[PDB]
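Listed here are the chains, written in short residue letters.
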Amino acid sequence: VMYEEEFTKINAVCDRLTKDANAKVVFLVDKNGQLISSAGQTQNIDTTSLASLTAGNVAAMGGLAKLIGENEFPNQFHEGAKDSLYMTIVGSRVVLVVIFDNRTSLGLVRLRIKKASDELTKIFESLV
Amino acid sequence: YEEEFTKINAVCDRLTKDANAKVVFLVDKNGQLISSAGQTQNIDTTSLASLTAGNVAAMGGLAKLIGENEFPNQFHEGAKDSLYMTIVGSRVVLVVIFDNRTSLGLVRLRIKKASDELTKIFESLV
């Protein structure tokens with residue numbers, strides 16, 4: 001009953017996503033604010049504080065979606081000057097955060113995020 | 001009463017029509033609703049303004065964490081309707097809710113024009 005094995009698969013998805021999508025840093029945050037996984041250039045970034053602020057944003061967005069008679073917004077894109085941010089809700093419990101340089105193709109990051117999200121959904125569904 | 005306030009509502013009304021938006025809101029970062037235009041009817045405007053402020057504050061801290069200035073434009077994609085948030089003069093938030101059938105490039109171009117018009121109004125307020 002030890003998985004353990006399923007958590008290593010989660011980190012592998014994050015590591016592959018950072019390399020394939022050519023992302024700067026990748027995070028997996030639970031809606032309760034807990035950091036599940038992180039990959040890439042995690043040095044010089046407060047992972048704990050990032051997870052807490054992600055949860056606060058997603059919770060505010062969730063309540064806002066319900067107010068307009070809409071289901072939770074699955075994808076959130078925030079464009080910056082040098083680096084951009086992408087957020088994807090995986091199975092309405094987990095948030096996949098992807099930080100990448102603006103020079104990287106938006107179509108490329110989105111295509112890889114979809115593959116990562118689908119891989120993660122299958123892992124979280126095996127966790128009953 | 002207040003010529004500048006009528007100009008603010010006019011920008012929101014023009015934005016709803018021109019960008020073909022469902023509903024448009026103007027929220028202060030402190031959670032106060034400034035203006036609203038469009039299909040405001042079955043939406044709790046006070047609760048929307050409070051949740052917008054909470055989200056913008058979390059997003060502001062998230063931008064600072066990644067060594068970036070506050071994101072001027074925040075996009076949240078849905079199944080039927082999408083949401084757009086634009087920070088006007090780092091004090092006011094312009095919330096635009098629109099159907100996914102509307103062009104993303106069209107909404108963004110109109111939001112920029114509305115934001116520039118609003119910045120000029122808020123700067124005349126001293």
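Going by the structure above, here's the rest.
This write-up is about the structure you can find in this document. (Residues numbered from 1 in each chain as written, not as in the entry; some residues may be left out. Chains lettered and ligands numbered in written order. Heavy atoms only, no water.)

What to know about the pairing of strand β3 (residues 73-77) of chain B
Spelled out, the test is: When DSSP locates at least two bridges between a pair of strands, those strands are taken to pair. Each helix is a run of H or I in the DSSP string that is no shorter than four residues. Each strand is a run of E no shorter than two, and both are numbered from the N terminus.
As paired strands, strand β3 (residues 75-78) of chain A and β3(B) are joined by four bridges and run antiparallel to one another. For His78(A), the partnering residue across the bridge sits in β3(B) and is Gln74(B). Pairing between β3(B) and strand β4 (residues 81-88) of chain B: four bridges, direction antiparallel. Looking at β4(B), one finds that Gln74(B) is bridged to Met85(B). Where β3(B) hands over to β4(B), the hairpin turn is made up of three residues, counted between the paired strands.

Topic: the packing of helix α2 (residues 47-67) of chain A against helix α2 (residues 45-65) of chain B
Selection rule: Orientation is described by lines fitted to C-alpha atoms, with helices fitted over the stretch in contact, and by angles between N-to-C directions that extend from 0 to 180 degrees. Any angle from 65 to 115 degrees is called roughly perpendicular, while one under 35 is roughly parallel, one over 145 is roughly antiparallel, and all others are oblique. Crossings are classed by handedness, with left-handed meaning an anticlockwise turn of the near helix from the far one by less than a right angle and right-handed meaning a clockwise turn. Note on contacts: a residue pair is in contact if any heavy atoms of the two residues lie within 4.5 Å. Classes in brief: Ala, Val, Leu, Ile, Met, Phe, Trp, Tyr, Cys and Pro nonpolar; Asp, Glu, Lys and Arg charged; the others, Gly included, polar.
Close contact between α2(A) and α2(B) brings their axes to 8 Å; oriented N to C, the two are set at 155°. The orientation of α2(A) with respect to α2(B), classified from their angle, is roughly antiparallel. Like other packed secondary-structure pairs, α2(A) and α2(B) cross with a definite hand, here left-handed. Between α2(A), through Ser49(A), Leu50(A), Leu53(A), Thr54(A), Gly56(A), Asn57(A), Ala60(A), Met61(A), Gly63(A), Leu64(A) and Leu67(A), and α2(B), the contact on the second element is made entirely by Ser47(B), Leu48(B), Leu51(B), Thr52(B), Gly54(B), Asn55(B), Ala58(B), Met59(B), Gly61(B), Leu62(B) and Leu65(B). Across the contact of α2(A) with α2(B), the residue classes tally to 12 nonpolar, 10 polar and no charged.

Topic: helix α3 (residues 106-125) of chain A
Residues and elements named next belong to chain A. So the rule is basically this: One less than the number of residues in a helix, times 1.5 Å, gives the span that helix is expected to have. Classification of residues uses two cut-offs on accessible area relative to the type maximum, computed with a 1.4 Å probe and protein chains only: under 20% is buried, over 50% is exposed, and between them is partly exposed. Picture the helix axis, draw a direction to every C-beta atom, and the arc is the one those directions span.
The terminal C-alpha atoms of α3, which comprises 20 residues, lie 28 Å apart, in line with the 28 Å expected from a rise of 1.5 Å per residue. Of the positions making up α3, those classed as buried are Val109, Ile113, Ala116, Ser117, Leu120 and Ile123. Viewed end-on, α3 has its buried residues packed into an arc of 120°, placing them on one side of the element. The outward face of α3, more than 90 degrees from its buried face, is lined by the exposed residues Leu111, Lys114, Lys122 and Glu125. Against α1 (5-20), β1 (25-30), β4 (83-90) and β5 (94-101) lie the buried residues of α3.

Some points on the environment of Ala21(B)
Residues and elements named next belong to chain B. Tracing the sequence through the fold places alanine 21 in the loop between α1 (3-18) and β1 (23-28). For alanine 21, a relative accessible area of 10% translates into the label buried. Considering only alpha carbons, one finds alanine 21 and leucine 83, 62 residues apart in sequence, at a separation of 9.8 Å. Every residue in contact with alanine 21, bar those within four places of it in the chain, is listed here: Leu15, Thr16, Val96, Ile97 and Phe98.

Examining the interface of chain B and chain A
Rule in force here: The salt bridge criterion pairs a side-chain nitrogen of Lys or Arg with a carboxyl oxygen of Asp or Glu, the two atoms within 4 Å. Polar contact is the term for a pair of N or O atoms within 3.5 Å; when the atoms are in protein, one must be able to donate a hydrogen and the other to accept it, and sequence-neighboring residues count only if both atoms are side-chain atoms.
Counting from both sides, the interface comprises 31 residues of chain B and, opposite them, 30 residues of chain A. Between the two partners, chain B and chain A, sit zero salt bridges. Taken together, chain B and chain A are joined by six residue pairs in polar contact. Elements supplying a minimum of two residues to the side of chain B that touches chain A: α2, β3 and β4 of chain B. Among the elements that take part in the side of chain B that touches chain A, α2(B) stands out by supplying 11 residues, more than any other. Split by residue class, the side of chain B that touches chain A holds 15 nonpolar, 11 polar and five charged.

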